[PDB]
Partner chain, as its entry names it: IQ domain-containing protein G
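Here's a solo chain for you in structure tokens, the form solved without the partner chain.
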């Protein structure tokens, strides 16, 4: 879109010397300005994860690919978090059988919805948390 412009700006914040590549040391600089203090090994891992051609640095195409996947994955997370908030009527961080039942009609019996909860209820507390919800929605 015109989001490439925004991605170029973000890239330019990493590419401190404007050579069109992001090095481990430039990434290091960025992360310390955000209040993190990564090791050289941690930095290398992060570069390696994005470095499609294995040349040891991140060019703008590599960065753009990474940003587009991160944005899709961020958009998805947010969609699932919104769905979860809709179910979690009382905002307690768990979906009850009662909340699932309400939502699910808008006609299931307590027994039928208990069954749905149990299927999703990895930790056995008889409710569905966000982590369990993500599992159920993405599997």
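Positions refer to the first chain, counted from 1.
* Does the deposited sequence hold unmodelled residues between residue 106 and residue 107, and if so, how many: none, 1 to 3, 4 to 9, or 10 or more? -> 1 to 3 residues are missing.
* On average, are the C-alpha B-factors higher in 50-58 or in 97-105? -> For C-alpha atoms only, the mean B-factor is higher in 97-105.
* Report the stretch with the higher mean CA temperature factor, choosing between 107-115 and 24-32 on the basis of the entry. => Here the higher of the two C-alpha B-factor means belongs to 107-115.
* Asked: Which of these, 82, 88, 73, 45, has its C-alpha atom at the highest B-factor, as the entry lists it?
  -> Among 82, 88, 73, 45, the PDB entry lists the largest C-alpha B-factor for 73.
* Sorting the chain's CA B-factors, does residue 37 end up in the lowest, middle or highest third? -> As the PDB entry reports it, the C-alpha B-factor of residue 37 lands in the highest third of its chain.
* Asked: Taking the entry's C-alpha B-factors for this chain, is residue 121 in the lowest, middle or highest third?
  -> Lowest third, going by the recorded CA B-factors of the chain.
If you look for the form deposited with the partner chain bound, you will not find it shown, but the lines that follow are about it.
* Indicate whether the partner chain has at least one heavy atom within 4.5 Å of a heavy atom of residue 53 in the deposited complex. => Residue-level check for residue 53: no, no contact with the partner chain.
* Relative to the partner chain in the deposited complex, which residues of 51-77 have a heavy atom no more than 4.5 Å away? -> Residues within 4.5 Å: 58, 63, 66, 67, 70, 71, 73, 75.
* **Residue marking the hinge between this form and the one not shown [rigid parts; choose from 119, 54, 74, 61]** => Of all listed residues, the hinge one is 74.
* Asked: Considering a change of 3 Å or more, are the Cα atoms of residue 133 and residue 68 closer or farther in the deposited complex than here?
  -> Between the C-alphas of residue 68 and residue 133, the gap narrows in the deposited complex (3 Å or more compared with this form).
* Change in CA distance between residue 70 and residue 133 in the deposited complex, which is 3 Å or more, as closer or farther -> Nearer in the deposited complex, by 3 Å or more.
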